[PDB]
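Read-outs: derived from the displayed coordinates by stated rules, not from any lab. All Cβ positions, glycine included, derive from the backbone under ideal geometry; neighbour counts span all protein chains shown.
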Ligand SMILES: CC(NC(=O)OCc1ccccc1)C(=O)N[C@H](C(=O)N[C@@H](Cc1ccccc1)[C@@H](O)[C@H](O)[C@H](Cc1ccccc1)NC(=O)[C@@H](NC(=O)C(C)NC(=O)OCc1ccccc1)C(C)C)C(C)C
Ligand SMILES: C[C@H]1CCCC[C@@H]1O
Ligand SMILES: [K+]
Ligand SMILES: [K+]
């Protein structure tokens, strides 16, 4: 797809058979999902944003489909207001910024 | 140009006669720069993100050059750790996500 920026770049993702809406976010190093249940063990991670820092759970090698493209990688889960797809997964799906 | 996402999409901008480095950010509704004085009047605004909300100063009709592409729009000024070029200006330079 080509996504313009007039509105937020929100796309459908699927993870654990569940469809969710998420933000394609070039200003995020990592992908951070709203609270939800994932499999396996997690490890702690702190991420910083505009208002300060939050603690999130890091899951590795997680299956996620983003607008139909499969990616397998790190997903953080925690108190984010919006599902955010970060550069770690945008790279796997071949996403670039162009002007 | 085409900007890959293996690293943060940092570019040179010019604003108020100053060169700065800023992040091309598809997940930002608004453009938010570190503390600076800009021409004209301002009004307070709260913006939210990972970690909560910060108070910023809003300036309107601000000229900016992003990678040598001119744009004009609202620019917010406050305690951000990174200069962020939001969708309000990414639209004007013809910026799109492609995969
Ligand atoms: C690891 C990392 N940053 C990093 O380098 O860490 C080092 C650091 C951190 C803090 C201080 C000093 C140094 C990073 O990738 N951070 C992401 C991030 O917050 N990125 C922000 C930019 C940034 C980059 C580095 C450091 C700090 C900030 C965004 O631009 C990012 O694109 C967010 C994503 C987002 C969208 C929507 C909701 C919440 C988060 N946008 C924003 O925060 C923008 N806010 C918005 O566009 C508005 C208006 N949002 C909004 O709707 O807020 C709703 C809300 C609801 C409830 C609570 C709070 C907010 C902002 C840049 C203007 C994160 C989501 C993984
Ligand atoms: C007018 C202002 C924005 C465009 C480039 C020069 C200057 O800093
Ligand atoms: K384009
Ligand atoms: K691409």
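Does residue B:20 meet the test of being in contact (Cβ under 8 Å) with a residue 60 or more places away in the chain and within 16 Å of ligand 2 (Cβ to nearest atom)?
Details: in contact (Cβ under 8 Å) with a residue 60 or more places away in the chain: yes; within 16 Å of ligand 2 (Cβ to nearest atom): yes.
Yes, satisfied.
In the stretch B:52-75, how many residues are part of a strand (DSSP E or B) and either surrounded by 15 or more Cβ atoms within 10 Å (Cβ to Cβ) or within 11 Å of chain A (Cβ to nearest Cβ) (or both)?
Initial filter on the stretch B:52-75 (part of a strand (DSSP E or B)): B:52-66, B:69-75.
Filter again for either surrounded by 15 or more Cβ atoms within 10 Å (Cβ to Cβ) or within 11 Å of chain A (Cβ to nearest Cβ) (or both), leaving B:52-59, B:62, B:64, B:66, B:69, B:71, B:73-75.
Residues meeting the conditions: 16.
Name the single residue, out of those in the stretch A:76-91 being in a helix (DSSP H, G or I) and crowded, with 18+ Cβ neighbours inside 10 Å, that is nearest to ligand 1 (Cβ to nearest atom).
Keep residues of the stretch A:76-91 that are in a helix (DSSP H, G or I), which gives A:87-91.
Checking which are crowded, with 18+ Cβ neighbours inside 10 Å leaves us with A:87-90.
Values: A:87: 8, A:88: 9, A:89: 12, A:90: 12 Å.
Restricting to residues being in a helix (DSSP H, G or I) and crowded, with 18+ Cβ neighbours inside 10 Å, the top hit is A:87.
Assess whether residue B:3 counts as being touching a strand residue (DSSP E or B) at 6+ places or on another chain (Cβ under 8 Å) and surrounded by 20 or more Cβ atoms within 10 Å (Cβ to Cβ). Working first, answer last.
Details: touching a strand residue (DSSP E or B) at 6+ places or on another chain (Cβ under 8 Å): yes; surrounded by 20 or more Cβ atoms within 10 Å (Cβ to Cβ): no.
So residue B:3 fails the test.
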